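Under PDB author numbering, the first residue of the sequence shown carries the number 1, and numbering increases by one thereafter. Built from N, CA and C at the ideal position, the CB exists for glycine as well. Structure record follows, encoded as structure tokens.
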Amino acid sequence: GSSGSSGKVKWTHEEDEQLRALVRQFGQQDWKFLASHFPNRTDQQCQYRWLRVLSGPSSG
């Protein structure tokens with residue numbers, strides 16, 4: 001990030017957990033694929049929500 005703040009699409013302990021596991025599952029490296037798991041979500045939203053939420057020692 002840099003300037004601005006705004007994140008669309010909602011996320012619950014479900015997706016987060018899913019994506020979280022999905023990451024370790026094979027590797028976050030392949031988001032385009034991970035997003036596949038989520039027909040409602042996408043690589044961007046995923047990666048984003050990750051690099052936005054699922055990113056750091058303390059989830060904020």
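Item to check | Which of helix, strand or coil DSSP assigns to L54 | outcome: Looking at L54 - three-state DSSP - the assignment turns out to be coil, as it is neither helix nor strand.
Item to check | Spatial distance of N40 from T12 (CA atoms) | outcome: If you take the alpha carbons of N40 and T12, they lie about 13 Å apart.
Next on the checklist: Quick check on the DSSP output: the alpha helix (DSSP H) that includes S36 runs from which residue to which?
Outcome noted: Residues 31-37.
Checklist entry - According to DSSP, is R49 helix, strand or coil? => result Per DSSP, reduced to three states, the secondary structure at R49 is helical.
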